[PDB]
Asker: 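A single structure is presented below for examination.
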Amino acid sequence: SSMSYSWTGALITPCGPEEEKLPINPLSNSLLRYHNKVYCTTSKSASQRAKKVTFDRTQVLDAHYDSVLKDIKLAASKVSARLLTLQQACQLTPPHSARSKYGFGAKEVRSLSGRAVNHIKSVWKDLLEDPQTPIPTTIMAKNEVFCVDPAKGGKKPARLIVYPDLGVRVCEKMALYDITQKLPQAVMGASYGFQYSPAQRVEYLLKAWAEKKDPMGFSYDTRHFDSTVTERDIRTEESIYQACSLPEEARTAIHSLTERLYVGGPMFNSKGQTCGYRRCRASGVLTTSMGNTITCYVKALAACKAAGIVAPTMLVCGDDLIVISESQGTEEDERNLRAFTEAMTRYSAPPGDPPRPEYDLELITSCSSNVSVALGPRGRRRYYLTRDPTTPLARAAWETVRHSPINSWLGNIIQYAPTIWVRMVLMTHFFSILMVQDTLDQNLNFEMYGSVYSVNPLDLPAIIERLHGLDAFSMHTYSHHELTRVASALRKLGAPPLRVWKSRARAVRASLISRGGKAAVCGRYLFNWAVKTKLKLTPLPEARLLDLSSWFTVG
RNA sequence: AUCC
Ligand SMILES: Nc1ncnc2c1ncn2[C@@H]1O[C@H](COP(=O)(O)OP(=O)(O)O)[C@@H](O)[C@H]1O
Ligand SMILES: [Cl-]
Ligand SMILES: [Mn+2]
Ligand SMILES: [Mn+2]
């Protein structure tokens, strides 16, 4: 049937100059030594990505699909969604959102300047009146940081980002923002993965696991998901949106966004040249996350029925999926997974790596993470979310004139606070750096799901207790997998081994303690793992007082 | 210089 993309041969050009690594990395050169291994993707590789994501989709649905989709529409029909006012939508624009071609930017949008508001009014009017003319988009290469991988070819090509003008982006929110906040939760319930903190994700997976008489679990991820989404998938997404009760004006804008933007359209590079035409998900539109997540769910659940998965419990985040189910014996389990993959493949969601059944929860990786186990203060098993620290360490070492890595250190410290790598390596580095700079009490930003939260370093103990529990400060006897993976990642980036971080941490602890106040609390709680004779850590009063519920939720 |  349809090609994901077609190309005119015009280059995908840089969206500004692309920042230079420097000869000295003064904030991370005591974290690790192999700076040569840390790179950022750029437009120079966009052509290679374009080639890998351009292909012909043929899609073949069946009765399991029809049946799932039907259930999902019923579920959607219970949702009432409203238009956002033009002004509400304006003010949800992020502060550095890329400016309009029409002579205004995010500052103006967010402040509701008259020029910007009037442009947007007219964009909205045109959406209500013209349901057909394709809306032009810009295509750009994503700049992201990774550690080189010789196994997988050295350096990954840049992902492709496709987005419409700022004025349209505002209009998307008027039409769909309220739906983005309600629909996924309504159609998926507990299966919607972007509602859970790391501890909650763990709790849910363990509960799912313990509920089966004889569990089997697997993960799945689609190769290049956005390019595999069909025009028909996208119109099906609309029909799911339209099943909610909406005012008529929303219906009209939603249909018009669908036909003019979401299903496809022409693409221009940053120099304004025609670059290509698209017939798949534009990653960059408002509906990217909701769309990916709902369409993944529909396909996956239909594929579960097709393969005969018994008592499936799912967890879906975009195109990342875990399914925990009742094992039918390893022989049938393996057949069932092949049938799952074949069905997903008919549905136009082929796998990156073929999935495989597992019967031990530590061995399942989804959303770049997995559940592991360690022992707590009282010797009980304690489960928590971890990941390979390779990419976090590489991002910990991205330092340019334009970019400081300190916020990424913080982000990882918060999300992965119970992990051996955060506690021994990143915490030790973070605190050492800030003490020496004398910036310990200076607020930093925590970035998550596109939101930004201001955090003071000296409040970490309370934040961590609240988010992960007091046991995050007393885990020991980490697992073989985790010890092996962390040691290996450190060697690979030329970082000191864990025993050296332990010595460093003793010294960081003592300095923190010597400063008194909140600093000393950080030393006692965050680095109790580092001393010979432990302290008895007690609940922090400030922790009871904190509400962090918005950090890890969409809705 | 995309969206959640
Ligand atoms: N930075 C991003 N901006 C917008 N959308 C994204 C981003 N990262 C991932 N996505 C969306 O989620 C999908 C799945 O991502 P992933 O599994 O990480 O890679 P792939 O695109 O190869 O499947 C993407 O195809 C894209 O539509
Ligand atoms: Cl314990
Ligand atoms: Mn994928
Ligand atoms: Mn994925």
Side-chain angles (χ1 to χ4, degrees), chain A residues 12-19 40-43 46 49 81 84 89-90 92-100 102 104-106 108-109 135-144 158-185 188 192-196 225-227 229 234 237 241 257 261-262 265 267-270 272 275 278 280-297 316-320 367 400-401 403 446 448-453 550-555:
Chain A
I12 298 165
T13 50
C15 283
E18 276 160 325
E19 54 190 4
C40 185
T41 65
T42 70
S43 54
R49 179 84 180 171
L84 254 51
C90 277
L92 290 167
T93 303
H96 302 298
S97 198
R99 62 183 300 98
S100 186
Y102 296 99
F104 67 91
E108 296 74 21
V109 169
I135 293 168
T137 57
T138 305
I139 174 160
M140 68 171 175
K142 176 75 167 147
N143 302 120
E144 273 177 288
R159 160 188 304 292
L160 303 173
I161 299 300
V162 174
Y163 63 99
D165 188 75
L166 181 52
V168 177
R169 300 206 298 281
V170 174
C171 287
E172 294 180 74
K173 309 197 203 300
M174 287 170 72
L176 287 152
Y177 188 85
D178 193 35
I179 282 160
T180 68
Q181 302 299 287
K182 299 167 155 174
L183 189 54
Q185 176 68 235
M188 304 178 57
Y192 182 56
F194 296 132
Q195 71 183 292
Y196 298 112
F225 185 85
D226 63 0
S227 64
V229 172
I234 295 170
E237 287 165 355
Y241 308 155
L257 287 167
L261 181 51
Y262 300 163
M267 302 187 302
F268 301 82
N269 67 17
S270 57
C275 196
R278 162 184 61 88
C280 62
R281 169 84 71 236
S283 296
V285 297
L286 176 65
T287 46
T288 304
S289 171
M290 171 177 62
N292 287 355
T293 299
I294 291 162
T295 291
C296 175
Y297 179 69
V316 191
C317 293
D319 81 330
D320 278 63
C367 300
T400 58
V401 292
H403 179 95
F446 172 48
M448 182 54 49
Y449 300 145
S451 290
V452 294
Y453 305 99
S550 61
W551 284 13
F552 288 104
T553 55
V554 179

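Reminder, nothing fancy here: chain letters follow the sequence lines and each chain counts from 1. Hydrogens, waters and symmetry mates play no part in the numbers below; they use all other heavy atoms, side chains included.
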Asker: Tell me: CD of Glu144(A) to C1' of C3(B), nearest whole Å?
Answerer: 14 Å

Asker: Closest approach to the side chain of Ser97(A), judged atom by atom: which nucleotide of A1(B), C3(B), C4(B) is it?
Answerer: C3(B)

Asker: Rounded to the nearest angstrom, tell me the gap between atom OH in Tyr453(A) and atom P in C4(B).
Answerer: 12 Å

Asker: Whole angstrom is fine here: how far is it from OH in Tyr192(A) over to P in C4(B)?
Answerer: 12 Å

Asker: Do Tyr262(A) and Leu176(A) come within less than 4.5 Å of each other through their side chains, counting heavy atoms only?
Answerer: yes

Asker: CG of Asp226(A) versus P of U2(B): gap in Å, rounded?
Answerer: 17 Å

Asker: Is it the case that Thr288(A) and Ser283(A) place a side-chain donor and acceptor less than 3.5 Å from each other?
Answerer: no

Asker: Please report, rounded to the nearest Å, how far the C1' atom of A1(B) is from the CZ atom of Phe268(A).
Answerer: 18 Å

Asker: Report yes if at least one side-chain N or O of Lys173(A) is closer than 4.0 Å to OP1 or OP2 of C4(B); otherwise report no.
Answerer: yes

Asker: Rounded to whole angstroms, how far apart are CE on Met448(A) and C1' on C3(B)?
Answerer: 15 Å

Asker: For the residue pair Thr287(A) / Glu237(A), report whether a side-chain donor-acceptor contact shorter than 3.5 Å exists.
Answerer: no

Asker: So, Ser97(A) and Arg169(A): side-chain donor and acceptor under 3.5 Å apart, yes or no?
Answerer: yes

Asker: How long is the line joining OH of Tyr177(A) and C1' of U2(B), in whole Å?
Answerer: 16 Å

Asker: Could you state the CD-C1' distance from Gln185(A) to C4(B), rounded to the nearest angstrom?
Answerer: 15 Å

